[PDB]
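Single chain ahead, by itself, as structure tokens, in the form deposited in one PDB entry.
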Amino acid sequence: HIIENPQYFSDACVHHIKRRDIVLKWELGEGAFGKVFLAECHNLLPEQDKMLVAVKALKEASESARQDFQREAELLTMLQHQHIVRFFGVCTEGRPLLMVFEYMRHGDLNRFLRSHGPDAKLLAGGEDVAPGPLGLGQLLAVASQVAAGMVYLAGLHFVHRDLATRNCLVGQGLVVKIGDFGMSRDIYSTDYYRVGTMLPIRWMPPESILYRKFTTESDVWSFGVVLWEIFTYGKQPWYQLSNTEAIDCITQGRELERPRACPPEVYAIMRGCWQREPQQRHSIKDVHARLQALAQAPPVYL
């Protein structure tokens, strides 16, 4: 293989994990192009010679696929922060290619929210969470932490483009962190519009649908929808409507209704996120600060 293009040396110090140090216990989740496993990982952290981790096994077929894998591994090494799920490294030794993340006890935020909702067919609960509905303060803490993660991404001129509760993870003590899923889980497929391309239509603003534009202000719109998700306990936006009908709502300026468990003060934040003009939307810092204020002193609501 010979060099015939500009070569950029500069790179992220991506941590490589030996495959022998990863011990797969069992499958946690599955998608069309990947699996998530629970695993024990040796020699990863000090004085914690053994620890539980979430291991993504990704089916990267082409050379282009493995380039995307390396590109992503590079970005996640750079983007490490407090409300972003912790990425420990990769295993490109053999096949499949693995990405190692921290174990988040309660899984993704959508499934978590659904399991604590009023319409939950079974009660989910543990040592850290009470079965059934969460507190208003707990709901605000969740949103506030997600917002905090978005502040950091916006600071680095970085757009998620698929900000939704399904891509947020929930750990012990109800610590919420932003992650992502490229594996196309069969559980969250109706959340994406398919033609020929996969678009999270119901979470996307007018400018993305109409003009194909995505900025940090588009993530603010998407966060407003996450806020709606949280206060409906993981219900799908426009759940009655089809993908095209939902596109009609967003492009005609028809907004999501105030949830049953949502105070007007919290709905005002959502409405602020859903301004048609991106420049007219509140900054993610301003949204975060307002959520954090409300989390310290939750409003009274019936």
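All residue numbers refer to positions in the sequence shown, first residue = 1. So that the term is clear: the rigid core is the largest set of C-alpha atoms that superpose within 1.5 Å between two forms.
- Per the records, residue 6 is among the residues left out by at least a third of the other compared entries, whereas the shown structure includes it.
- Among the other PDB entries of this protein that were compared and that flank it with modelled residues, residue 61 is left unmodelled in a third or more.
- The stretch of deposited sequence separating residue 196 from residue 197 contains 1 to 3 residues lacking coordinates in this entry.
- The stretch 97-105 shows the higher mean C-alpha B-factor when 158-166 is compared against 97-105 in the entry.
- Looking at 210-218 and 115-123 together, the entry lists the larger mean B-factor for 115-123, computed on C-alpha atoms.
- Looking only at 67, 244, 275, 251, the residue with the top Cα B factor in the deposited structure is 67.
- Note on the listed residues 171, 135, 224, 182: the highest Cα temperature factor in the record is that of 182.
- Split the chain's modelled residues into thirds by C-alpha temperature factor. Residue 83 is in the middle one.
- Remark: residue 72 belongs to the middle third of its chain, ranked by C-alpha B-factor as recorded.
- Annotation for residue 288: C-alpha temperature factor in the lowest third relative to the rest of the modelled chain, per the entry.
- Remark: residue 233 belongs to the lowest third of its chain, ranked by C-alpha B-factor as recorded.
- Among the modelled residues of its chain, residue 175 has a C-alpha B-factor that falls in the middle third according to the deposited record.
Just so it is clear, the following notes concern the form deposited in another entry, a form of the same protein that is not shown.
- Rigid core superposed between the shown form and the other one, residues 272, 237, 259, 31 considered: the one with a C-alpha shift of 2 Å or more is 31.
- With the core superposed, residue 125 shows a C-alpha displacement of at least 2 Å between the shown form and the other one.
- When two forms of a protein are overlaid on their rigid core, residues whose CA moves 2 Å or more are considered shifted, and residue 185 is one of them between the shown form and the other one.
- With the core held fixed, the Cα of residue 157 is displaced between the shown form and the other one by less than 2 Å.
- Between the C-alpha atoms of residue 129 and residue 88, a gap widened by no less than 3 Å is obtained in that other deposited form, as opposed to the form on display.
- Whereas the shown form places them at one spacing, the Cα atoms of residue 179 and residue 184 lie at least 3 Å closer in that other deposited form.
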